[PDB]
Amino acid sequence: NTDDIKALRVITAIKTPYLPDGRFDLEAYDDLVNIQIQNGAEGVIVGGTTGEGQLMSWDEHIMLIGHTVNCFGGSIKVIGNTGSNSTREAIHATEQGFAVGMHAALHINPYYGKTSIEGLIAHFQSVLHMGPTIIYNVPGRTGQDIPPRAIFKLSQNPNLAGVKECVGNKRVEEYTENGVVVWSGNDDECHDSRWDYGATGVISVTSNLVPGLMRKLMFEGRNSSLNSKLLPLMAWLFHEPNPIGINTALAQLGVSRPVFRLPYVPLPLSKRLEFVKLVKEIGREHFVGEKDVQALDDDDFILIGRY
């Protein structure tokens, strides 16, 4: 049901942890999702940009969606990232994702092989009838900014829950004043987005580390001091393109193995030492896991091309 999706305020784009041969580490993944549920996250994106959906084959991606539904689906909404630059793959992945029980789909506009606005309506109308859907706009990654007029045409459809918008707060405000539900896709704008520009909440990378504090930020009212205490951590997470930062941090916290699927590689030791300092300044009690944060050596990280 679309209404239940519209009501979510804190959705985590969860990291996908790996075994040293490159396969998914499901035991670490289950720990991560349980920690999200214990700290009040309401939805998870499975295999989103942060979860490296772009590196998965479809069988391991549908497996990870079905696993998340089967183990956690009664305790958290499971939103499968089933969009694609290929309409055929978007159709196939979305209907299989809904068949294994996911609650909603996250759909990006076709990236790299971008299409016309007419082709973009055709793409989205291919999948929207399948179930509750959030459309995702991030032109810095896709090469194409979805214009609001396209979203307005698509919200005829009762399955469009709303938009994950990365353009910025002026675009968030244009949508929310036109009655479209919006989740900020930018951790470092989401507090203002929520309290000043009518956003419902955030689909977050930073909640992978501090899910309790992100929930506080979206639920307890304007808190501009909590916000600026999180800003240095947010900057660190985006120093190189996401998920490089989160992959590095979860490995330092010991909740994920230091295993990267290429083309991602970790942040260097100088940044890893800043992370040890950030954990101390914010307080280890707010971060996921209970192990002592480690700096790690560069040689701890396994970079895998063939898996």
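Residue numbers run from 1 along the displayed sequence.
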On average, are the C-alpha B-factors higher in 74 to 82 or in 154 to 162? 154 to 162
Mean C-alpha B factor from the entry: is it higher for 276 to 284 or for 237 to 245? 276 to 284
Checking the entry, which one of 40, 47, 258, 66 has the top C-alpha B factor? 40
At the C-alpha atoms, which of 132, 221, 201, 139 reaches the highest B-factor in this entry? 221
Comparing residue 103 with the other modelled residues of its chain, is its CA B-factor in the lowest, middle or highest third? middle
Sorting the chain's modelled residues by C-alpha B-factor and splitting them into thirds places residue 52 in the lowest
Using the B-factors in the PDB entry, rank residue 15's C-alpha atom against the chain and give the third, lowest, middle or highest. lowest
Taking the entry's C-alpha B-factors for this chain, is residue 89 in the lowest, middle or highest third? middle
Residue 226: CA B-factor among chain residues, third -> highest
